[PDB]
């Protein structure tokens, strides 16, 4: 009664092993989550194609994942790949070669598919209401999801990822370069949402949610800026809330710092390279939709994959 799902991201891949409960009430219990530091982001060439060293790291990850699942009695791993392989021009070729080498097929899912599954992961992590808007900021893309208590009704994927924006708007040496990038990213967010007014905008009673790593880091940083302990000592950030004003203040702080300093802001360790652009995406998007406050969900794509499998 054990199931395994995995996602291939940009710099990390994760295997989730869960026990599937009696179908009557159903549900799942997470047995293990195993990370692989695939680091595909540093294995992308100038045209964005995955290098042979990237194929090797990916093949190595999926081989180890397959063994972990099999030794745990979980049978076969469903594997979905997101922005890294989606945007690589040779992503489909890499996926078929990895399948030939490992027997696992990393299916490259669309941004919208990722968003609809992530919404399921959020559903089982935090309490959804009758009108929810979810923003899931990844490396290449930002997914907007709207729905009710059960599933996504509307999904939009826009090319506003933390890595993609960091690259699209290179930061200069000047003291104002962080602010200038933040402003340019915000103008790009509004421009790509311009065809889509009303779709994800706050209505009375709309509740807003965030998922994935930037948002979790933001919640950790904001809580510690209110005097809290690091999330690692407080059991994580799932369910934490923060206001748009708190996000704006964290962004203004980050923008006046240089990249190396950003990685020393508590909560933002391991995200100094993209946190400026990523916070700029989140604030600009939330502001444009009229969000006042958000809840952060540690559940996301992998949990959603489980829910669909069950």
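Numbering follows the first chain given and starts at 1.
Per-stretch averaging of Cα B factors for 211-219 and 113-121 places 211-219 on top. In this entry, the higher average B-factor at the C-alpha atoms falls on 165-173, of the pair 181-189 and 165-173. As recorded in the entry, 235 carries the highest CA temperature factor of 235, 195, 138, 198.
Highest C-alpha temperature factor among 69, 30, 40, 284 per the entry: 40. For residue 5, the recorded CA B-factor ranks within the lowest third of the chain. Only modelled residues enter the ranking. In the deposited entry, the Cα temperature factor of residue 58 places it in the lowest third of its chain's modelled residues. Per-chain ranking of the deposited C-alpha B factor places residue 157 in the lowest third. Placement of the Cα temperature factor of residue 151 within the chain: middle third of the modelled residues, per the deposited record. Ranked by Cα temperature factor within the chain, residue 263 sits in the highest third according to the deposited record.
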